[PDB]
Amino acid sequence: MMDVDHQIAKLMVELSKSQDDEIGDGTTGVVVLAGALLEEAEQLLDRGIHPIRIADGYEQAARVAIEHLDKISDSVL
Amino acid sequence: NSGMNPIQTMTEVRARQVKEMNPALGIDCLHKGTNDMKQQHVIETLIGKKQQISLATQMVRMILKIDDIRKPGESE
Amino acid sequence: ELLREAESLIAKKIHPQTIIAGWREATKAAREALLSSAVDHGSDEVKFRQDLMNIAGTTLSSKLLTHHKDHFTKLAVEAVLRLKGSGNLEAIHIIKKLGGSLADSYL
Amino acid sequence: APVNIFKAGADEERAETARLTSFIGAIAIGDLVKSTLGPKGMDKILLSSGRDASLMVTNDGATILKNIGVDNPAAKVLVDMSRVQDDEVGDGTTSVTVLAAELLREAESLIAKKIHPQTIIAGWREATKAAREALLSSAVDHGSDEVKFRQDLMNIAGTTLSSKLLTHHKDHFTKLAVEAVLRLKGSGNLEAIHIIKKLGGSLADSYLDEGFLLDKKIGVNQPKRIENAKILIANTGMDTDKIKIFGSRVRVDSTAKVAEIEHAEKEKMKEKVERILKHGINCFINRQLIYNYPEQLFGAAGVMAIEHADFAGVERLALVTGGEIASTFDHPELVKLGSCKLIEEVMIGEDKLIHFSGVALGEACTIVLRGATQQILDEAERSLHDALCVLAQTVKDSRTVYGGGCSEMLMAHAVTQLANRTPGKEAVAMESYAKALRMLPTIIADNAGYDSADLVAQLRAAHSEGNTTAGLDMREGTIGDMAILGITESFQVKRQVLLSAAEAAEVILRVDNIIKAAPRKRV
Amino acid sequence: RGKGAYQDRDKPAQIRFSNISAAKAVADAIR
Amino acid sequence: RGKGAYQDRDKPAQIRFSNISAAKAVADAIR
Amino acid sequence: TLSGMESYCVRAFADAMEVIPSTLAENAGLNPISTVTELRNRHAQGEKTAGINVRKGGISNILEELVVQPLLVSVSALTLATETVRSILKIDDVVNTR
Ligand SMILES: Nc1ncnc2c1ncn2[C@@H]1O[C@H](COP(=O)(O)OP(=O)(O)O)[C@@H](O)[C@H]1O
Ligand SMILES: Nc1ncnc2c1ncn2[C@@H]1O[C@H](COP(=O)(O)OP(=O)(O)O)[C@@H](O)[C@H]1O
Ligand SMILES: [Mg+2]
Ligand SMILES: [Mg+2]
């Protein structure tokens, strides 16, 4: 329900919509996390690191976060 | 948002997950006594947090792999 | 007046979620004050009709019908008393006609 | 007057928007400089729209209000109130602005209580009289035993500079402010302490000069340093005199007589310099400009010549050397000369300044402020000016009170003790006067980030049973004794905060009609 | 004693005179 | 216990990020 | 060796000192990720006169390349910049003067 005419921030709108369409609980936390990954990449951008090299480093880092999250998980419904 | 300090609270919870095996250790607003999320019954879905890390990484990859903006000026 | 007192808690540096959690316990205690002080009326219907005129006398006192409580209270109590059932609030058709004073109105 | 309005372009309001615009415009002034009060308050940066904006950061409340240009009519009373506070005592301009705004904020709470506004004026006059006796009975005097008075003066400068940009420089700037007024040894003229701002270096590199610094360096072919010299200053014309006869021409018959007149003009200019060197001097300071013909005469005799220092530059040299102005040279036995040791030139920030090292009877100082930017030097000059003006009046009035919230709780206790001995018509207005006095330690406590709801409650419980020296400790965030920590302020500074805010809140509360006229060239 | 003081600093004391002066113009128009 | 809570609902937390972002543009201009 | 909130700011002070070798390595066409990392490895061993060699295109001895900087240049660049940034976090309120 915003009038943001910015094509980068429009992708944050579709990110919160895609979390609502698939799961529907973490639409707020998926925007703070995406803004946190881009804020930490700002200091890495000034050090001469390539932006695709940061993007290739995030895929190898997010793969560890998926496998570690599946350690303790149980329900008896 | 709970009124605490971000350094004084995140350093204590993260240090307790290394000295022992990593528990369900988070925070809360009224804090409910201890910081154990298993005792406070703060339960979230696995596929909810799995898609939070997966979708935010792919959206960052599409806004890091861009080096040109071709927007127009005025409307007419 | 709740938000005017909440504006006074701006300069006191009170967290706004503390005011929400403080008012939820305050509203829960305020429900018990009205529930324990409520006066019921079952049988002995000669005191319930006197109680109904006190309800219409309090509502019409804050309106334009100030010095008409000797007439408009009987026009409001006996209108619902002639329903003898559900409060449909459409069988009481109010017809407004010019001419005459408010004391000339009748049921 | 709104109904059937008989005005051209002027508007007005009576008792509905009159007190509404007066309470909005005065609280927003006090809430503006609310964040600059206390030893942990932040500062403001003032900027214009353009056309030589000349940004000037200030923490003092008088310099903020004198440059904003408020359009509200009732807000200009609080702007003019802080201007007098800077001109009289030089401190408490921020404290008198928040206190005058908290009185009208408590008076806005008496709008819905249907209290008559003349009852609040009569209730605050009795509250101000009870608050004068609280500061007068708690004032600490200092007569003899001067080793305790010099320690008391460092607590005054340490309290004033703690609320400014000089936070972690109290080990140096307190000695630069106490010893500057201590070298005056007389009246607080507040102009013998010439502050020179030079870029380059940190604030710790600043110092108090033992002598005196000047500009307009010594001639062309004149000596730069003379040991054990006799300084004679002047305020007379050297060349192109045109001496005091308007309507006098040189009407001659031939051009050979013009060469005799212009040689006679240079002989009288030479004879004037010959009357100066009969005193036996080595340095010469003229307020006016010195041209080339007397400059060659001082250079041939080995005499310095400082030309066109300042109009107030010869006044500071007369107080630092012990001489006189001496604008007429016809009696060498009635002209007192100055005294010095070294007139060497020093270089501060790639600029050669004339250093009058080793002067006798030096009742003048020179503070060499060095900062990182020009914005720091403009702030440190006003921060030192807010510290030297209090010490110039502390030596005239040695009465001091315990600051840091301790003086405000003593004033609020005397009002609350007499609010219970009054009938209920004026007792509600006296309780609002005591609540506004407790807001001044509440703004200081909340600016640091402490629990202001509990620290002022601990101050009110302490002052209710003894503890006349208990105040707010901003170092650790607790309640401590103000006589031990050494946080004191002057009596005349704290009296002018109480008295001027009570008089300014009396004017705005008595306004029931704001009739503004039609402005010019505003369409 | 004065037995109280009721300060009334509000709007409608002036609007009440506006309804009076407007109704006087109607009665003087058809006078 | 939490031992207090300091609610800071005021302006200059956002203006402090404006002075940082303006000074970063000057350092990247003459980098 | 410090603790509390002071230990997180000296690390922020030390990480801001690595910008000038990151600036010098990026302007020289070298990789600034591995240049500043190799410079911290040489100074940890004891090489106090190590730096960026723009002639060889790497890390070598500075005094061999005759690159001499005075002490007053680098001390006043650290003293005046720290005193400036200690005031910008203290001076923060936008007041537009009319
Ligand atoms: N009792 C609690 N204690 C601690 N944290 C909680 C508690 N309840 C909720 N939270 C946190 O609040 C967050 C709320 O996220 P939310 O905004 O609902 O995400 P989304 O926008 O995707 O629905 C969750 O990530 C959760 O970790
Ligand atoms: N060391 C300290 N301990 C406690 N309070 C202090 C200390 N230093 C200054 N203060 C308080 O900070 C306030 C600063 O007021 P200030 O803005 O200087 O007023 P003004 O603008 O009129 O000079 C003073 O009222 C004083 O009580
Ligand atoms: Mg009603
Ligand atoms: Mg002060």
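Numbering of chain F is taken from Swiss-Prot, so the residues present carry the numbers 19-49, in order.
According to its header, this structure was worked out by electron microscopy, 3.1 Å.
Cβ atoms here come from the backbone N, Cα and C positions, even for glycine.
Here's what Swiss-Prot has on this protein:
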type: MOD_RES; residues: F:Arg19; note: omega-N-methylarginine
type: MOD_RES; residues: F:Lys21; note: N6-acetyllysine
type: MOD_RES; residues: F:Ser36; note: phosphoserine
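Features per Swiss-Prot, on structure.
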residue: F:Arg19; record: omega-N-methylarginine; Cβ neighbours (10 Å): 6
residue: F:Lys21; record: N6-acetyllysine; Cβ neighbours (10 Å): 6
residue: F:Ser36; record: phosphoserine; Cβ neighbours (10 Å): 12
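F:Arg19 (omega-N-methylarginine) sits 35 Å from F:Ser36 (phosphoserine), taking the Cα positions as reference. Between the C-alpha atoms of F:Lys21 (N6-acetyllysine) and the residue listed as 'phosphoserine', the distance comes to 32 Å. For the recorded site, the residue listed as 'phosphoserine', the DSSP three-state label reads helix. In the three-state DSSP assignment, the secondary structure recorded for F:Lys21 (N6-acetyllysine) is coil.
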